[PDB]
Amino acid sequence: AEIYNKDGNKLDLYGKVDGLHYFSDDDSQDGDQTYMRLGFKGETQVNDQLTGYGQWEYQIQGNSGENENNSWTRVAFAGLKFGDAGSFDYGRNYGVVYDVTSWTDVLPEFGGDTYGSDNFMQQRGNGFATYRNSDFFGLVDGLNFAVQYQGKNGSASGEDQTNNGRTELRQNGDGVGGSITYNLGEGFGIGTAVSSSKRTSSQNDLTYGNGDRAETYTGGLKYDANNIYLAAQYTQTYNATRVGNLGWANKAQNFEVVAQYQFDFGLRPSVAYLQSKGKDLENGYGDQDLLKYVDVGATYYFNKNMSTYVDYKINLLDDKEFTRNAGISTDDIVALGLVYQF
């Protein structure tokens, strides 16, 4: 909600409380999943061709006892917008791959999980320097592009050390990526994104998915008109898709597709399919499905501040030694949520 707007400076303080429960045979997923987010988006007019901005978003789990706290920063960045010349921001932000893969990340609860956070340039991550340009310098309506750099986020100590070190599955070396999207008209959009990240020496000491670079190549399509939403994304990755908590897939092929309809009375059913196919895994595993499910659900929007939903992950992965070793869930989940937001 915009809570301040005075003398060229505006501040939106926003958030949500999601009273959320999962039902699953997977005891690591089953039970209370209540959480909240809080954030702000601020903007300051500097002059005719320059606006400054800042955004922060934080998640605090609501499903723990008072003896602990599970919270984290989703984004935290500052930037400048310069008219038709583009914008630049730096901080914790979304990787440019998500400029296209976000088109399928629209499910009531699940979805968006052929990749994760702190996962090279695929989604949220630290130290992104991001240049963006909408409508190609004001010359081509509907043609947008981005160019992005990510500095190394290494280990806590030793050869890969940076100030902000972390575990191998959340590290990266220096990376570069970009995206292009185009409005084809009549509700249709097409997009592509590429990223290439150096990997660190400690990442390459894990058994799975060695290589000098983590690479991703994405294409996407969407239709968004007449109360219909359709989208698909295909992403091919190299040493970039996590294999549970074991390392990465030498290669993976990720595909997500979704269809939704918004009824005027407030109901938005959703059907989707997601898969991630890993190739050439070490330890004799070879080709393995890393993710495979159908998702059926619906959100009922009471208004823009209140909603409720059901989401059903129909998990098509087989329970096998591989999935158990990797810690990949093979069970179905039903989610029920009630959401207040501002």
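For every residue, the number given is its place in the sequence shown, counted from 1.
Participant: According to the deposited model, is the average Cα temperature factor higher in 263-271 or in 69-77?
Facilitator: Higher mean C-alpha B-factor in the PDB entry: 263-271.
Participant: Which wins on mean Cα temperature factor, 175-183 or 224-232?
Facilitator: Here the higher of the two C-alpha B-factor means belongs to 224-232.
Participant: Per the entry's Cα B factor values, which of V147, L107, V140, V97 stands out as the maximum?
Facilitator: In the PDB entry, the greatest C-alpha B-factor among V147, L107, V140, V97 is found at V140.
Participant: From the list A214, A156, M121, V194, select the residue with the highest C-alpha B factor recorded in the entry.
Facilitator: Reading the PDB entry, the winner on C-alpha B-factor is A156.
Participant: Could you tell me which third, lowest, middle or highest, the C-alpha B-factor of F322 occupies within its chain?
Facilitator: CA B-factor rank for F322: highest third.
Participant: Relative to the other modelled residues in the chain, which third contains the C-alpha temperature factor of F128: lowest, middle or highest?
Facilitator: For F128, whose C-alpha B-factor we compare with every modelled residue in the chain, the answer is the lowest third.
Participant: Using the B-factors in the PDB entry, rank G165's C-alpha atom against the chain and give the third, lowest, middle or highest.
Facilitator: CA B-factor rank for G165: middle third.
Participant: For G39, does the deposited CA B-factor place it in the lowest, middle or highest third of the chain?
Facilitator: Answer is lowest: the recorded C-alpha B-factor places it there.
Participant: State the tercile, meaning the lowest, middle or highest third, of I60 with respect to the CA B-factors recorded for its chain.
Facilitator: Bottom third by C-alpha B-factor.
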